[PDB]
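A.B. asks: Before we start, here is the structure in question, set down as structure tokens.
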Amino acid sequence: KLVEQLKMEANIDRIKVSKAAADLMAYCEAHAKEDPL
Amino acid sequence: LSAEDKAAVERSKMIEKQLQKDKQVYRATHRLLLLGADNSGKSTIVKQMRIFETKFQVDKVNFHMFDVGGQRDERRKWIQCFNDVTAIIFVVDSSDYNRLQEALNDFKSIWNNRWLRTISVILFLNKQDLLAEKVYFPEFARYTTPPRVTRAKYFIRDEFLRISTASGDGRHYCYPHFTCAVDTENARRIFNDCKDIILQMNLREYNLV
Amino acid sequence: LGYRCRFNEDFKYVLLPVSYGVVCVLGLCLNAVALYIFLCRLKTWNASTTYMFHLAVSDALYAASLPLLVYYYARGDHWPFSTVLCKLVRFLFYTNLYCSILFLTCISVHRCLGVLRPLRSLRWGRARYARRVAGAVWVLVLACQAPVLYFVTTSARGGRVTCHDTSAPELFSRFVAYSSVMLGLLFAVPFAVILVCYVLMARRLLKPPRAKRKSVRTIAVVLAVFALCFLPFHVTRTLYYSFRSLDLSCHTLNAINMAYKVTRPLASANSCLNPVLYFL
Amino acid sequence: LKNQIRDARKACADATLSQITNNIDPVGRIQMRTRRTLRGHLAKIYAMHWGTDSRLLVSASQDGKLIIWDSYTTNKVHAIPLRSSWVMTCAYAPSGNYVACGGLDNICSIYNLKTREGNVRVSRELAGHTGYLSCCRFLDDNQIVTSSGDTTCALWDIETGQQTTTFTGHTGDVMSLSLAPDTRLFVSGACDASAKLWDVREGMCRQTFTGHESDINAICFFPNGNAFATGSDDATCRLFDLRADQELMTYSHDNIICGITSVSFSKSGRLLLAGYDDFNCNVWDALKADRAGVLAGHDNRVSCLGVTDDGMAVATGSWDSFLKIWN
Amino acid sequence: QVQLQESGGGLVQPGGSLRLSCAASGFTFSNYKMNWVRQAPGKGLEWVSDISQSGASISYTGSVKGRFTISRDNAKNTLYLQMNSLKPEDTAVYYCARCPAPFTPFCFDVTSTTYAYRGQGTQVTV
Ligand SMILES: Nc1ncnc2c1ncn2[C@@H]1O[C@H](COP(=O)(O)OP(=O)(O)OP(=O)(O)O)[C@@H](O)[C@H]1O
């Protein structure tokens, strides 16, 4: 089961870390107005 | 000061009164955690003075023992639930010398855990009738009593007490008792040792220690 | 000053003011510190903490009453302030003294029940009843020390007026009866029950443990401190009052005045050290 | 073939979060003060949950009591006696008419609050798990996702009382779970120093994240659902991205040698609130990995910590039997 | 990914000597207490050795003292079990184990049936 799961999860559509960081930054910048903490 | 608000505060007051009534009986009872191996025969001590919950009363004081066994063999996470128990009961198969090393390591890991370092442990060396007839560790040659069955029983007790006194000072204590298979007085033992434990906490909070 | 014998109380103005001043300053200092810990950096409010808080309050009130008395003693037995201030000062002095005694008694009884009865005393809830016990103690001490306001007056003898501690003349029999009753009720019973409680506590602790002998050492220390501070004070005060009620020599009265006035600083020192012994 | 996965994760790594967010204005020193102290529980608080209405919260304690508080007025709406004093999880239904719990009894007990002229009673008991119940979260009034210490998670049907699907591929006891905002996925962190993303409909594991070093204790989804955080026993919080399939941040500082018990995000996701076993709580800059505040008001151990749905407050329960609302 | 890989497993006569070395990876070596875990044909999971994070506290099973001296290298991320006095009653599989938490010598769950931070093991036959 472990090798089958590894083979299943090895074929994924992974994107660049820069894009994920930019998306997180965009969300936190866009929603910073409505965070009362 | 509305009617609905006043009813809410009244209901909260009734709930708090019930909570105080429950607090009266919660502190007057003592929780005991039962630990040991599969062959330890801890259920024998359970049925003599009676997740399995065992409730018994000695000197009008209510004791409630918990033998949790519906779990896996990885207990580093759920053992944190038994943090405010009055005592931990350890039951040891003293007559099966093959597993005394694992029992000793189990007691050692209980002793040095950060979440159990303030909880005292009552020790029951259960299978003593089998130990007497029956009679690994190389220290039995040079060991001297502080027949041979007395040497063996006190040597196992001394191994447990050496592990206990190696690291536990001033916060929790070990209470070794020599249990038999048909003992009918372990309720008195648990009562007296919990009494000593609460006396020690009392002396700590009375600024005398 | 209708007295035939004249006391050579030249020792007082040198002994009593400095002792009262030092006791008051330390007492206020460490009692304020302990109250600060209790009200700011502590949320373990047991029965012991309740009794200790009330004891600290009584000690602080005693140390607050002391400055007027050191002023009076340094003024050469002259009280030019008022006639009600003298009554209030004596009333607060004795009220705080006996409140401290009764709260030490409450601490001793609590500790005795906790040690002799570790498990059965958990059955009945007594941590919340500590506030009721403390309030009853305060009410009882105030009610018992109310006649001090009547008895203590301000009278002028020569070129100076005096803050009477005992009573006015021609009323000494009533106050000696009242003081015998008060001495009985607020010292003979509390000291005896403190003695019994700590003796029984030590006894058991001594019946087997480094902790179970350190606790006995602490018991001996606190019991000896209470005895040394309070027993000679009350014994000499009773002897002084009885011999003034009777008729004796001037030298004997001077000697008992010596002893009473030198045992007063120990009574103040009890409030001085109580915080260090019971918290630190 | 784990080396191939590591190489593929390395190939997509071109901008570290510490570098791509190095020119962002730091937040101020977050100073939050206690507003309410909830003082009705007898023993240590084990868990808490917030109602969707952002006013009512449920909590669990060692004394086997389930108290529903009114955070605005500090008044206890309910006080439910449990059959077992050993619980570790609380769940408040989104509709607010049900409350669940569980623990060493291995049973998720469900209590109906909106009864007809009757007190709160056990509506159902889900008894198919093997290990101790660690976490449970209502999907709706009829579905609840549960994790336990038998290295499995399960989705239940409350009306019938048996599991619908089981999420079995995991090692070590699953300690926490976090529902996605879309309620179509959930992540679970276990004691094998790994976290897995599950599909509720498919019942299969889609991703695995193995950055941590010890037992993962808490897990929380990012507000947009594209990331999550994990607090573990290695005294370190880390941030993982579902799309990048790799760790992005490591909220670790020296002189912190205690495990993280609770993890929560703010409404915007800028603040990561983490409870610790060193008596206190920390506020983390999620995209800068730098400290921003401390909630030092508890006395024994911060066991639970949650941020309100509208984000107006953070409630932190502790082992000192007190809950605290912060703002 | 916490990975522990061992080596040094081969058939040895009742005499002779052997050495085992586990190559730790994926975690900080010097913050954790580590141990040695033994198996055998048809029995459970045993416990042989123990060493602290600093290396100043060593504990042995009662049947291995004076024969199975251990070592660790925080710089090289390795932990050893030098076997010198072998007996035929030593055929085993040896796993290099680790405490679950740092600064924590609990190792509560080290010898469990399933343990995440344990190595695959090398068969030491005699
Ligand atoms: N029988 C007496 N003979 C001589 N002097 C007395 C006598 N009784 C009282 N005095 C004097 O009267 C003063 C105060 O009388 P009182 O008894 O009320 O106070 P006290 O208890 O003696 O001690 P203190 O005066 O310091 O308060 C004392 O200074 C004392 O010298």
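Every chain in the structure tokens takes a letter, A first, then B, and so on in the order presented; its residues are numbered from 1, and the ligands are numbered from 1 following the presented order.
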Can I get the residues close to ligand 1 as a list in words, where close means within 6 Å and we count only C-alpha atoms and all ligand atoms?
C.D. replies: residues 3, 5, 6, 7, 164, 165, 166, 167 and 244 of chain C
A.B. asks: Using only C-alpha atoms, what table do you get, as a Markdown table, when you list each residue of region 127-201 of chain B with an atom no more than 10 Å from region 62-78 of chain B, its nearest pair of atoms, and their distance in Å rounded to one decimal, rows by chain then rising number?
C.D. replies:
| residue | atom | partner | partner_atom | distance |
| --- | --- | --- | --- | --- |
| B:187 | CA | B:63 | CA | 9.1 |
| B:190 | CA | B:63 | CA | 8.8 |
| B:191 | CA | B:63 | CA | 8.3 |
| B:194 | CA | B:63 | CA | 9.7 |
A.B. asks: Please identify all residues of chain D having at least one atom at most 10 Å from any atom of chain B, considering only C-alpha atoms, and return them as a VMD selection string.
C.D. replies: chain D and resid 40 to 44 46 62 to 63 65 67 69 to 70 73 to 79 84 to 88 103 to 106 130 to 134 149 to 151 172 to 173 175 191 215 217
A.B. asks: Output C-alpha atoms for every residue in the selection just made, as a tab-separated table (two decimals), in the first residue's frame.
C.D. replies:
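Writing done, so here's out-v5.tsv:
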chain	number	residue	atom	x	y	z
D	40	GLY	CA	-16.95	27.86	36.49
D	41	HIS	CA	-15.04	24.65	35.73
D	42	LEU	CA	-13.68	22.48	38.52
D	43	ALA	CA	-10.56	21.00	36.91
D	44	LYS	CA	-8.28	21.57	33.91
D	46	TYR	CA	-9.14	19.99	27.89
D	62	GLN	CA	-11.34	16.87	33.60
D	63	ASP	CA	-14.33	16.84	35.98
D	65	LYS	CA	-18.60	18.56	32.69
D	67	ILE	CA	-20.34	23.89	30.04
D	69	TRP	CA	-20.80	29.74	28.13
D	70	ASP	CA	-22.13	33.11	27.07
D	73	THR	CA	-22.19	37.99	29.90
D	74	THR	CA	-20.00	35.19	31.40
D	75	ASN	CA	-23.26	33.36	32.22
D	76	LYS	CA	-23.39	29.58	31.93
D	77	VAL	CA	-26.16	28.67	29.48
D	78	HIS	CA	-25.68	24.93	30.07
D	79	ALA	CA	-23.76	22.47	32.23
D	84	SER	CA	-16.98	9.72	31.33
D	85	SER	CA	-14.65	12.29	32.87
D	86	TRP	CA	-11.93	11.50	30.29
D	87	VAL	CA	-12.70	13.67	27.27
D	88	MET	CA	-10.40	15.57	24.94
D	103	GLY	CA	-12.20	10.93	24.59
D	104	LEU	CA	-10.91	7.77	26.28
D	105	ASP	CA	-14.41	6.25	26.01
D	106	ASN	CA	-13.76	6.02	22.21
D	130	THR	CA	-11.11	1.66	18.38
D	131	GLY	CA	-8.66	4.17	19.87
D	132	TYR	CA	-9.36	7.23	21.98
D	133	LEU	CA	-11.33	10.01	20.31
D	134	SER	CA	-8.96	12.90	19.59
D	149	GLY	CA	-5.90	7.15	18.30
D	150	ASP	CA	-6.27	4.00	16.20
D	151	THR	CA	-4.49	5.83	13.32
D	172	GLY	CA	0.55	6.95	14.77
D	173	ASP	CA	-2.41	8.41	16.62
D	175	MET	CA	-4.11	14.14	17.17
D	191	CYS	CA	1.94	11.20	15.82
D	215	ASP	CA	4.29	14.31	17.08
D	217	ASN	CA	-0.45	18.15	18.14
A.B. asks: CA of residue 7 (chain E) and CA of residue 46 (chain E), how far apart in Å?
C.D. replies: 18.9 Å
A.B. asks: Show me, as a PyMOL selection string, the residues of chain A whose atoms get within 6 Å of chain D, using only C-alpha atoms for the distance check.
C.D. replies: chain A and resi 10+14-18+28+31-32+35-36
A.B. asks: Store the residues picked out above in a file with N, CA and C atoms, as a PDB file, in the first residue's frame.
C.D. replies:
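To be explicit, this is the file written out as part_34.pdb:
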ATOM      1  N   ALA A  10       3.006  10.858  -6.275  1.00  0.00           N
ATOM      2  CA  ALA A  10       4.161  11.403  -6.979  1.00  0.00           C
ATOM      3  C   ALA A  10       3.760  12.151  -8.241  1.00  0.00           C
ATOM      4  N   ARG A  14       2.266  20.207  -9.180  1.00  0.00           N
ATOM      5  CA  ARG A  14       2.858  21.126  -8.222  1.00  0.00           C
ATOM      6  C   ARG A  14       3.310  22.400  -8.924  1.00  0.00           C
ATOM      7  N   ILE A  15       3.090  23.530  -8.262  1.00  0.00           N
ATOM      8  CA  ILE A  15       3.444  24.831  -8.804  1.00  0.00           C
ATOM      9  C   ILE A  15       4.649  25.372  -8.039  1.00  0.00           C
ATOM     10  N   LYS A  16       5.186  26.486  -8.530  1.00  0.00           N
ATOM     11  CA  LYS A  16       6.355  27.092  -7.912  1.00  0.00           C
ATOM     12  C   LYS A  16       6.012  27.670  -6.543  1.00  0.00           C
ATOM     13  N   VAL A  17       6.998  27.628  -5.643  1.00  0.00           N
ATOM     14  CA  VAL A  17       6.822  28.154  -4.291  1.00  0.00           C
ATOM     15  C   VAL A  17       6.584  29.658  -4.324  1.00  0.00           C
ATOM     16  N   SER A  18       7.164  30.350  -5.308  1.00  0.00           N
ATOM     17  CA  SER A  18       6.950  31.789  -5.440  1.00  0.00           C
ATOM     18  C   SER A  18       5.481  32.113  -5.681  1.00  0.00           C
ATOM     19  N   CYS A  28      -3.554  37.760   2.420  1.00  0.00           N
ATOM     20  CA  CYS A  28      -3.368  38.434   3.702  1.00  0.00           C
ATOM     21  C   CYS A  28      -3.395  39.950   3.546  1.00  0.00           C
ATOM     22  N   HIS A  31      -7.365  40.849   2.838  1.00  0.00           N
ATOM     23  CA  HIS A  31      -8.289  40.660   3.948  1.00  0.00           C
ATOM     24  C   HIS A  31      -7.793  41.270   5.253  1.00  0.00           C
ATOM     25  N   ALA A  32      -6.734  42.082   5.211  1.00  0.00           N
ATOM     26  CA  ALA A  32      -6.196  42.672   6.432  1.00  0.00           C
ATOM     27  C   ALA A  32      -7.109  43.735   7.026  1.00  0.00           C
ATOM     28  N   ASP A  35      -9.749  42.288   9.981  1.00  0.00           N
ATOM     29  CA  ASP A  35      -9.159  41.451  11.025  1.00  0.00           C
ATOM     30  C   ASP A  35      -8.909  42.303  12.262  1.00  0.00           C
ATOM     31  N   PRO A  36      -9.798  42.264  13.266  1.00  0.00           N
ATOM     32  CA  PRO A  36      -9.668  43.115  14.454  1.00  0.00           C
ATOM     33  C   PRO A  36      -8.747  42.552  15.535  1.00  0.00           C
TER      34      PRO A  36
END
A.B. asks: So that I can check the surroundings of residue 170 (chain D), please list as a PyMOL selection string every protein, DNA and RNA residue that reaches within 9 Å of it, counting only C-alpha atoms and ignoring chain neighbours fewer than 3 positions away.
C.D. replies: chain D and resi 151-152+167+173-174+190+192+194-196
A.B. asks: Put those residues in a file: N, CA and C atoms, as a CSV table (one decimal), in the first residue's frame.
C.D. replies:
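Below you can see again-v2.csv, which holds the result:
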chain,number,residue,atom,x,y,z
D,151,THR,N,-5.1,5.4,14.6
D,151,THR,CA,-4.5,5.8,13.3
D,151,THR,C,-5.5,5.9,12.2
D,152,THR,N,-6.8,6.2,12.5
D,152,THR,CA,-7.8,6.3,11.5
D,152,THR,C,-8.7,7.5,11.8
D,167,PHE,N,-10.9,6.8,6.7
D,167,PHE,CA,-9.6,7.3,6.2
D,167,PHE,C,-8.5,6.6,6.9
D,173,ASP,N,-1.1,7.9,16.3
D,173,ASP,CA,-2.4,8.4,16.6
D,173,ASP,C,-2.6,9.8,16.0
D,174,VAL,N,-3.8,9.9,15.3
D,174,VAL,CA,-4.2,11.2,14.8
D,174,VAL,C,-4.6,12.1,15.9
D,190,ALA,N,-0.9,13.7,12.7
D,190,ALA,CA,-0.8,12.5,13.6
D,190,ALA,C,0.5,12.5,14.3
D,192,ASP,N,3.0,10.4,13.7
D,192,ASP,CA,4.1,10.0,12.9
D,192,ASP,C,4.9,11.1,12.3
D,194,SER,N,3.8,13.6,10.5
D,194,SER,CA,3.3,13.8,9.2
D,194,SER,C,1.9,14.3,9.2
D,195,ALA,N,1.5,15.0,8.1
D,195,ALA,CA,0.1,15.4,8.0
D,195,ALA,C,-0.4,15.0,6.6
D,196,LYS,N,-1.7,14.7,6.5
D,196,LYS,CA,-2.3,14.2,5.3
D,196,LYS,C,-3.5,15.0,5.0
A.B. asks: Show me, as a PyMOL selection string, every residue of chain E with an atom at most 12 Å from chain B, counting only C-alpha atoms.
C.D. replies: chain E and resi 37+43-50+59-66+99-101+103-116
A.B. asks: Any chance you can output those residues with N, CA, C and O atoms as a CSV table (one decimal), in the first residue's frame?
C.D. replies:
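Generated file (part14.csv):
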chain,number,residue,atom,x,y,z
E,37,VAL,N,16.9,-1.2,20.2
E,37,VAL,CA,15.7,-2.0,20.3
E,37,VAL,C,16.0,-3.4,19.7
E,37,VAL,O,16.5,-3.4,18.6
E,43,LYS,N,9.6,-13.9,19.6
E,43,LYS,CA,9.3,-13.1,20.8
E,43,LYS,C,9.1,-11.6,20.4
E,43,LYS,O,9.1,-11.2,19.3
E,44,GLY,N,8.8,-10.8,21.4
E,44,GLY,CA,8.4,-9.4,21.3
E,44,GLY,C,9.6,-8.5,21.1
E,44,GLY,O,10.7,-8.9,20.8
E,45,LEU,N,9.4,-7.2,21.3
E,45,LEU,CA,10.3,-6.1,21.0
E,45,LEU,C,11.0,-5.8,22.3
E,45,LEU,O,10.4,-5.4,23.3
E,46,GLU,N,12.4,-5.9,22.4
E,46,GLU,CA,13.2,-5.7,23.6
E,46,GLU,C,13.8,-4.4,23.6
E,46,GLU,O,13.6,-3.5,22.7
E,47,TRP,N,14.7,-4.1,24.6
E,47,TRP,CA,15.3,-2.9,24.8
E,47,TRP,C,16.7,-3.1,25.3
E,47,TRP,O,16.9,-3.8,26.4
E,48,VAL,N,17.8,-2.7,24.6
E,48,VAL,CA,19.1,-3.0,24.9
E,48,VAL,C,19.9,-1.8,25.6
E,48,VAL,O,20.3,-1.9,26.8
E,49,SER,N,20.0,-0.7,24.9
E,49,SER,CA,20.9,0.4,25.4
E,49,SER,C,20.1,1.7,25.4
E,49,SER,O,18.9,1.7,25.2
E,50,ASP,N,20.8,2.7,25.8
E,50,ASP,CA,20.2,4.0,26.0
E,50,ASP,C,21.4,5.0,26.2
E,50,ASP,O,22.4,4.7,26.8
E,59,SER,N,22.5,3.6,30.2
E,59,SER,CA,21.8,2.5,30.9
E,59,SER,C,21.8,1.3,30.0
E,59,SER,O,21.7,1.4,28.8
E,60,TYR,N,21.8,0.1,30.7
E,60,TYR,CA,21.9,-1.2,30.0
E,60,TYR,C,20.8,-2.1,30.5
E,60,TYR,O,20.4,-2.0,31.7
E,61,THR,N,20.4,-3.0,29.7
E,61,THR,CA,19.7,-4.2,30.1
E,61,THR,C,20.6,-5.0,31.0
E,61,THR,O,21.9,-5.0,30.9
E,62,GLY,N,20.0,-5.8,31.9
E,62,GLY,CA,20.8,-6.6,32.9
E,62,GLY,C,21.6,-7.7,32.3
E,62,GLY,O,22.5,-8.2,33.0
E,63,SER,N,21.4,-8.0,31.1
E,63,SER,CA,22.1,-9.1,30.4
E,63,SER,C,23.1,-8.6,29.4
E,63,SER,O,23.7,-9.4,28.7
E,64,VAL,N,23.3,-7.3,29.2
E,64,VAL,CA,24.2,-6.7,28.2
E,64,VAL,C,25.3,-5.8,28.8
E,64,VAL,O,26.1,-5.3,28.1
E,65,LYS,N,25.3,-5.6,30.1
E,65,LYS,CA,26.3,-4.7,30.7
E,65,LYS,C,27.7,-5.3,30.7
E,65,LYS,O,27.8,-6.5,30.9
E,66,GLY,N,28.6,-4.5,30.3
E,66,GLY,CA,30.0,-4.9,30.2
E,66,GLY,C,30.3,-5.6,28.9
E,66,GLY,O,31.5,-6.0,28.7
E,99,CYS,N,13.8,8.9,21.2
E,99,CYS,CA,12.7,9.4,22.0
E,99,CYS,C,11.7,10.3,21.2
E,99,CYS,O,12.1,10.9,20.3
E,100,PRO,N,10.4,10.2,21.5
E,100,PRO,CA,9.4,10.9,20.7
E,100,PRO,C,9.7,12.5,20.7
E,100,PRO,O,9.4,13.1,19.7
E,101,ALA,N,10.1,13.0,21.8
E,101,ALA,CA,10.2,14.5,21.9
E,101,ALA,C,11.6,14.9,22.3
E,101,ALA,O,12.3,14.2,23.0
E,103,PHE,N,14.6,17.2,24.3
E,103,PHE,CA,14.7,17.7,25.7
E,103,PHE,C,13.8,16.8,26.5
E,103,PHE,O,13.5,17.1,27.7
E,104,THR,N,13.3,15.7,25.9
E,104,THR,CA,12.5,14.8,26.7
E,104,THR,C,13.1,13.4,26.6
E,104,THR,O,13.2,12.8,25.5
E,105,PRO,N,13.4,12.8,27.8
E,105,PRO,CA,14.0,11.4,27.8
E,105,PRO,C,12.9,10.4,28.0
E,105,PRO,O,13.1,9.3,28.5
E,106,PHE,N,11.6,10.8,27.7
E,106,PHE,CA,10.5,9.9,27.9
E,106,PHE,C,10.7,8.6,27.2
E,106,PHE,O,10.7,7.5,27.8
E,107,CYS,N,11.0,8.6,25.9
E,107,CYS,CA,11.1,7.4,25.1
E,107,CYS,C,10.0,6.5,25.6
E,107,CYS,O,10.2,5.2,25.8
E,108,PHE,N,8.8,7.0,25.9
E,108,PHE,CA,7.7,6.3,26.5
E,108,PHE,C,7.4,5.2,25.5
E,108,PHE,O,7.1,4.0,25.9
E,109,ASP,N,7.3,5.4,24.2
E,109,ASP,CA,6.7,4.5,23.2
E,109,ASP,C,7.8,3.9,22.3
E,109,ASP,O,7.5,3.6,21.2
E,110,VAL,N,9.0,3.8,22.8
E,110,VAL,CA,10.2,3.4,22.0
E,110,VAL,C,10.0,1.9,21.5
E,110,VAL,O,10.2,1.6,20.3
E,111,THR,N,9.7,1.0,22.4
E,111,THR,CA,9.6,-0.4,22.1
E,111,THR,C,8.2,-0.9,21.6
E,111,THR,O,7.9,-2.0,21.8
E,112,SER,N,7.4,0.0,21.1
E,112,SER,CA,6.0,-0.3,20.8
E,112,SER,C,6.0,-1.2,19.5
E,112,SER,O,7.0,-1.3,18.8
E,113,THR,N,4.9,-1.8,19.3
E,113,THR,CA,4.7,-2.7,18.1
E,113,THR,C,4.9,-1.9,16.8
E,113,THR,O,5.6,-2.3,15.9
E,114,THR,N,4.3,-0.7,16.8
E,114,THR,CA,4.5,0.2,15.7
E,114,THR,C,5.1,1.5,16.3
E,114,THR,O,4.5,2.1,17.2
E,115,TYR,N,6.2,2.0,15.7
E,115,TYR,CA,6.9,3.2,16.2
E,115,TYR,C,7.4,3.9,14.9
E,115,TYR,O,8.0,3.3,14.1
E,116,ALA,N,7.1,5.2,14.9
E,116,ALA,CA,7.3,6.0,13.7
E,116,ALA,C,8.8,6.3,13.5
E,116,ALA,O,9.3,6.3,12.4
